[PDB]
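Okay, here we've got a single chain as structure tokens, the form deposited in one PDB entry, with questions on binding and movement later.
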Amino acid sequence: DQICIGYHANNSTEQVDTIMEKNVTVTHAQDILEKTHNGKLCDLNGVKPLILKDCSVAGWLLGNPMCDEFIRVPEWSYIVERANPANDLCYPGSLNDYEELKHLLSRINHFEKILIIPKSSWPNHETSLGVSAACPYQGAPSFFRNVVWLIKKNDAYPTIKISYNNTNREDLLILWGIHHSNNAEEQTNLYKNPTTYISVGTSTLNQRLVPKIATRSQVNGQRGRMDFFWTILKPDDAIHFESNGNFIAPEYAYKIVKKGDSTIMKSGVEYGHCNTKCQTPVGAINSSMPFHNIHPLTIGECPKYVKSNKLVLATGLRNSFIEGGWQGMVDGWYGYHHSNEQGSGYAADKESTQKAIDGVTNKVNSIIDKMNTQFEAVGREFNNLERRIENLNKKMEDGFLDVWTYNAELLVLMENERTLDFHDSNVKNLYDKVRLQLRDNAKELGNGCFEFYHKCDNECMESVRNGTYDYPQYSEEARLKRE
């Protein structure tokens, strides 16, 4: 007659690694890496992205004839641009501090186009001839919608002197431009005056632009260029313009209220009519895990980006003193095996099992819950002449990856070694617990099993489970069986 101690086993093929052991099959495990995304582009905390479709921020702000004319959405969480937008600046040129405009515009609380300078103004200049085949619309030379390319009237370009006082109680993005002529004959044809200037002045601005009449290479069929510039007029200030030529005037402006920052995402994915707290260019993440492998460039409260393909934490017994585990036990992690004629089968320690499941559950939940995330946009906004600042971002991003990867990977290895010793310690505690309540009525064979001199009743079996066994009641019976 005998009794043994044992641990649970199942069909699980899940394999974990420890700091000292590799490829250890376990009964239960948990991965703390999120590898899943929804594959769509969603709202971020209830606000929809501004999806510019084959347009750039420049083509949308200035009025590229082939960009959407109306701003349907008054607010966005992020701007979604295609990798190499097709439309941009139809008339070749430049937009000043473009990348900083895009950061300001990446998340806007309120956006609303308003007419600031009506074409009714400029009665002595021409408002109708300012078109180019570079900016085509419906088979006709057109031009940017929200600015005006003024031209000479009757071989006369009177100097312009115009002001706009912001009465709107909100900041105003205002845009203007300079046309760089290509020869001295072209200059006088478009603007009678041969030497020209643009003077822009606000409370914070003092600008003089002068054309650069020079030979350049054709882009979009034109050798001319247009350089655009922008300012924000604060709620009760004025902007003052003066020019005798080469003035791409403002017609429409945009009311801006800004309370937050995010980034421009370069993605071809499509809107999914969903909501998310974490967004990648490949898709959105719905996870509470600490780490992920979906994409570097995320927006929102996102898991940490690591280089690991799997991060699996053992939460159970090793699966096959006791030579092996009991596939037969089906009601607890730690248990007893009884052998008497009255009955046969297995049994399991209720309290010890729940203590351990709470133990490993709290170990996992801590690792997950201790991670706190800051809303952050990992997008990158730098020019061809800002490539040294680009590497700082790369160094930062890459360094945190190497940190988060090494820490997460060794946390798993270390804590799995602790998780496994935790199990084998609990079982031996039950073995010794039985050994002390069975001092002389038992012998040790070394296989986690005792030798019953006494005849253990099923009630005795349960009396030893409770620990309510009385050794005096059966001490003499052992002396009889012995020798």
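When you see a residue number, it is the position in the sequence shown, counting from 1. Basically, rigid core = biggest C-alpha set you can superpose within 1.5 Å across the two forms.
Keep in mind the form deposited in another entry is missing from the figure; the text below concerns it.
After superposition on the rigid core, the C-alpha displacement between this form and the one not shown reaches 2 Å or more for just one residue among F375, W326, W122, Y346, namely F375. Cα-Cα spacing of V282 to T373 is enlarged in the other form versus the present form (difference of at least 3 Å). Look at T373 and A83: in the other form their Cα atoms move 3 Å or more farther apart than in this form.
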